[PDB]
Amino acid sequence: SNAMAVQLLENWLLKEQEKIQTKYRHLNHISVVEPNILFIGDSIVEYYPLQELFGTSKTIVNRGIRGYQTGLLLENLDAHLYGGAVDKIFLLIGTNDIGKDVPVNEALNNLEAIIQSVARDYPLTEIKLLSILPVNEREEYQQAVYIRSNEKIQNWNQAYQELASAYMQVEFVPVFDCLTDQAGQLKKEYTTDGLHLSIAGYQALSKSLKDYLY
């Protein structure tokens, strides 16, 4: 690598995120569907084949953005919310806070502020706060997994669970264990690069989430 190229790639990620935020802000106004469920979060959400794995009878709208962290979501929360009859918001975020060494208390405070902001504007809407998903710690996946570890992820998940217990409208959704193998790693078949999910991974995640859609 090359530090000039480092900056410009960081710049590439920022401009892609800004482009997607702009896209969502305009769709929020002109969309022809009413979201029953909004899926909000990071790359795992953006790339989730929601239609093809959950079907179309329940309208689930994607408001995920690659590389997102809790602070970015809080700052731009308006891009991720619309509709007159939102039953539930599914929130999957934090793996990138871990990958950037964001203090857990800062991430939590960010999540708490998101919950409170949603309560004001969407008072009858439930939030399903997903466990951060496991990673695969095999050497071959070190490039995507980076400083994430399943011990850190499990510690954050304990904190998310405690945060959920403080709000009647928030339910913690334990999906971590559904995606692990017997060594407590994200299953090889469920991953492309140790962090992101394969289609088998998304299928397994969807099976674990289905009941929470109702």
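Heads up: residue numbers just count along the shown sequence, starting at 1.
As listed in the deposited structure, the average C-alpha B-factor of 176-184 and of 23-31 is greater for 176-184. When the mean C-alpha temperature factors of 164-172 and 147-155 are read from the deposited coordinates, 147-155 comes out higher. As recorded in the entry, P123 carries the highest CA temperature factor of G83, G94, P123, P134. Among all modelled residues in its chain, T59 ranks in the lowest third by Cα B-factor. Remark: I98 belongs to the middle third of its chain, ranked by C-alpha B-factor as recorded. When all modelled residues of the chain are sorted by CA temperature factor, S206 is found within the middle third. For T191, the recorded CA temperature factor ranks within the lowest third of the chain's modelled residues.
Sorting the modelled residues of the chain by their CA temperature factor places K88 in the middle third.
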